[PDB]
């Protein structure tokens, strides 16, 4: 078997602003929802915050050198809205925007394609105080913010993501409250999901007016497999699938919301103006897939609101975040996504990776992470399998370039292919990163044998 990838297939690594940057008040940056959330007791594992993180705002030069050592062809990163427009709407902060301006120039100088994400979960607190994703005006606030970046980086950043993972934003931030802004309401979740979709479409429209390049959304899909042949379990599987995988994809594709959501959300479900769905389905140029695992849901009448719960798949390895390792499901998901998007929408895996225990410091200058290595090589082979089945896949970004703050789980969950000692800020390339650099250099051939 040859694992050589297609001509032009793009290899990179990914991060997010709050998870790596630190410097939360630097250069006139505004407060974000995560600045508040992480400083509230009880919310974060071990009381961890992103105040320092990987100190990447100050260490970006060294990190670009690391990218070159890994042979990266692209770097996927998010822009902190609060840095650029501290009050969310109104005055631009030139100092905060300058950080991204120098970063982007550094990447281009290194021969690395900059892939920017507008929103990776760090709403400015000033907009949260005005209702955040619950305020329908956020579509316009978000389009205006996007315009700042589309214009500033015109001709430099050519591949743009609007929203990273609408499901986590809404399920975590509004439905269950495990993530900022920490609300727990089905009523709110329904509305916030709708405004996230509208903001995406408004940003795409603004991009057509002023931008240059290709724009799209980034979704996470967690494929749902049958727990049994019982009808009540199939219904549970459908509910879980509708709420997690189809909630955003169907309206993006012009199919309206899944019918199952009226069952899942009950009296919290709402209907919206027709014109909203035209906005939401504004044509995009590509779509990103964030992918990590599958689930096997069974009926669970007390598991609000989907009334489903995953059955632990004890036959397989599980990561430190408790996610099953099952590479065939990545191939299956790419195939499904290709079917659902009509097969003519270019796809990229914009995040894939795995968390395993690593010590807090390098040992003899190394970090040996054989299960992360195994996950990496088996999932990249699964990608190649998907390409062989007609999926128009154009790139792969490893989550993550660096160990970082895994949101409410804190620094306890390491996804980096490069280790960060959070005490010293020393970076150490892990064995997974060493392998990945060779996958890129050989364009996959290293996996043959």
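Numbering follows the first chain given and starts at 1.
Taking only CA atoms, the mean B-factor in the PDB entry is higher for 90-98 than for the other of 245-253 and 90-98.
The PDB entry records a higher mean C-alpha B factor for 224-232 than for its counterpart among 224-232 and 75-83.
The PDB entry assigns the greatest CA B-factor among 351, 358, 259, 137 to 259. Highest CA B-factor among 432, 23, 428, 19, as stated in the entry: 23.
When all modelled residues of the chain are sorted by CA temperature factor, residue 381 is found within the middle third. When the modelled residues of the chain are ordered by their C-alpha B factor, residue 405 lands in the lowest third. Placement of the Cα temperature factor of residue 103 within the chain: middle third of the modelled residues, per the deposited record. In the PDB entry, residue 330 places in the lowest third of its chain by CA B-factor. In the deposited entry, the Cα temperature factor of residue 32 places it in the lowest third of its chain's modelled residues.
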